[PDB]
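First, one chain by itself in structure tokens, the form deposited in one PDB entry.
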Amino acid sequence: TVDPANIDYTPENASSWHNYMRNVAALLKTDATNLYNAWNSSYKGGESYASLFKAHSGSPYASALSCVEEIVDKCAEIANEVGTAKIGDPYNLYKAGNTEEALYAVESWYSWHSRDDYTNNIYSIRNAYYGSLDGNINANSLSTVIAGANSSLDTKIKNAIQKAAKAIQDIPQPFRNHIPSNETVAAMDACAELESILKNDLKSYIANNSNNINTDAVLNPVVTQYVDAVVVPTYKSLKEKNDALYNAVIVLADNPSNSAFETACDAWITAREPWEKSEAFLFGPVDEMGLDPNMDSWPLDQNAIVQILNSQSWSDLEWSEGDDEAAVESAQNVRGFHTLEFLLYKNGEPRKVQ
């Protein structure tokens, strides 16, 4: 039996709802701050991860080529995950007749945000390839290097990125109500083509010494630009927007209303954007010590969330004075962005008070 874990906000569960929302938002705030600081300030008490990656002076990154292979591998990985898991798992469940399991498997369905989520994941690949955030092809980017060496290959990669993004957007809104559509099919097909053009055509071409684009002289500026213009700024934005999200959740808890829910939902979407646009670089700090699953697990233990919301302990909890830390280091499957999403949204719209 599929368990949707239906619950609505009521006067009787409101205190637990406030406290648990706060807890999950506090954890998200802490995690995003630590992720940004690991890159920007200090990784494990030493130089920042940005400095480590740009220097690439020892294992596991002893060359700019090694860095770039990791960059391209992690672009390929998110293309694979979007096509075959985020879109593909619900699709294959649905086609097998497990249609209700399919509907409840869709990542970001609570907010009807799956299309935009997965599209942002593809824009993460764009950003990595272009060395920018704002859709500009930077002078110091993989795209510029490949364009100079093999313009055909560059054009095919750029086209493949665009075709995956547009194929996901073409899925009728919301994806959860159109899982078997031809467009789900076209979006899967486009993601598969993109996944292939990155991990096969691109990595091989760079790795081939005879193409003369894998030296540190060629690739160092690409690595430096990627870290300084793409990765660190994205994590800075994530930290700032998870901070904003925390404040929005506190105001909702302190003065609950339909408008306050809407405001917290706005903050959730806002914070999700840099997160989703970071998913082509799920390596280093975010891929250590369970950070990614602490921030973004899917699926959730939805029945456990309902039990929390109905619990007297979370209803009765009091917080330490002026303390923004979480009360409880919650399990992966009852924390993160999607747990807050569950707490803020129902069936594609902000939740309402009774």
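Throughout, rigid core stands for the largest set of C-alpha atoms superposing within 1.5 Å between the two forms. Residue indices: 1-based, along the sequence shown.
- Higher average CA B factor: 68-76, of the stretches 68-76 and 221-229.
- Higher mean CA B-factor, judged across 205-213 and 231-239 from the recorded values: 205-213.
- The residue among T119, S257, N138, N127 whose C-alpha atom has the highest B-factor in the PDB entry is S257.
- Listed residues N150, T263, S108, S278 were ranked by CA B-factor as deposited; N150 comes out on top.
- Among the modelled residues of its chain, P172 has a C-alpha B-factor that falls in the highest third according to the deposited record.
- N23 sits in the lowest third of its chain by CA B factor, as recorded in the PDB entry.
- Per-chain ranking of the deposited C-alpha B factor places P274 in the lowest third.
- Per the PDB record, residue ranking by Cα B-factor puts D316 in the middle third of the chain.
- Sort the chain's modelled residues by C-alpha temperature factor and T10 lands in the highest third, per the entry.
The protein also exists as the form deposited in another entry; that form is not presented, and the subsequent description refers to it.
- Only one of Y61, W298, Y43, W314 has its C-alpha shifted by 2 Å or more between the shown form and the other one once the core is superposed, and that residue is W314.
- The Cα shift for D287 between the shown form and the other one, taken after rigid core superposition, is smaller than 2 angstroms.
- In the core-superposed comparison between the shown form and the other one, the C-alpha atom of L52 has shifted by less than 2 angstroms.
- The Cα shift for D324 between the shown form and the other one, taken after rigid core superposition, is 2 angstroms or larger.
- The distance between the CA atoms of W298 and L317 is at least 3 Å shorter in the other entry than in the form shown here.
- Contraction of the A327-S297 CA spacing by 3 Å or more is recorded in the other entry, set against this form.
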